[PDB]
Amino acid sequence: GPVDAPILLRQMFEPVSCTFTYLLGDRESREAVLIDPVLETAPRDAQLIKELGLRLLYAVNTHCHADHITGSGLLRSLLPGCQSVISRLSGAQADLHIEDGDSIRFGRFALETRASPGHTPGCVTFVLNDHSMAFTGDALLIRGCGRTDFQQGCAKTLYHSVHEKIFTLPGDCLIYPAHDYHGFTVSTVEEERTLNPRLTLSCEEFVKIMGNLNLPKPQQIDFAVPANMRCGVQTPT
C-alpha cells in the first residue's frame, strides 16, 4: 500500500533477436510509452496496451537497430495518436527527434534523454525522472556491452558514454538493456560498474578487446538498418 501509484512496467522478450521491449505507463492517467518495439510483435504489443486501458503516446527507439525491424512505424497506425521517436544523431526517420537533455513526458513521469553513443552515434539512454530505472539500449548490456565494429561504432566513445552517463547514476538504479543473450532480465549500476568484465577495464584495455572479438556481420544488418532508417518501412509482401 504505497502512497503513490507505482509506475506500470512490462518487459517483453523477442526470443530470436533476444530483444527486450519495454512498456512504461502512468496507471492513473493511463498514458504510456513503448521502448524498442519489434515489428513482428507489434500487434501483440498493441493488444496489451488496449487490454491495460492505456493510451500510447510515443513509440521510442534507443537507437537504429541492426538485428530486427522496429515496430514503431507500424504502431503509428495500430494505435492512432502514437508518435515515433528516435535520436537525431541516428539520422533515421521518425515523427519526433530527440537529443541529449530532452524529456519524454507521460502522465506524471518522464524519460530523460542521455546521449550514450558508441555502439552507434545515435544511441541514447532513457532514465526515468526518479533515477530508479535506466534503459540503456545496446550501450550497456548485462555483464557486457554492444559491439562497436559496425554502424560507425567507436569503442573509445562507448567506454566514455557508459562511464560518464550511466555509471554516474545511483548504484541502486536498475539497468534494462535492449538485449540479453544469457537469460538475464535486469541489472543495476552498482553491479555493472563493479562487475562488468569489459567496462571495469581501463579505456585502453577496453578498446583492444572490442577490436579482437572478430564476430561476424549479423544476418539481418543489410535488411534491418535501412528499414529502421525509414521508421520500419520495407518492401511489402
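Start at 1 and count along the sequence shown; that's the residue number.
- When 204 to 212 is weighed against 184 to 192, 204 to 212 comes out higher, by mean CA B-factor as recorded in the entry.
- Per-stretch averaging of Cα B factors for 16 to 24 and 224 to 232 places 224 to 232 on top.
- Among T136, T157, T113, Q152, the highest C-alpha B-factor recorded in the PDB entry belongs to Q152.
- Considering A178, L34, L174, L39 together, the PDB entry gives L39 the largest C-alpha B factor.
- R198: CA B factor lies in the middle third for its chain, per the PDB record.
- Annotation for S132: C-alpha temperature factor in the middle third relative to the rest of the modelled chain, per the entry.
- Per the deposited record, the Cα B-factor of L75 falls in the middle third when ranked against the other modelled residues of its chain.
- Ranked against the other modelled residues of its chain, the C-alpha B-factor of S161 as given in the entry falls in the lowest third.
- Ranked within its chain, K50 lands in the middle third, by CA B factor from the PDB record.
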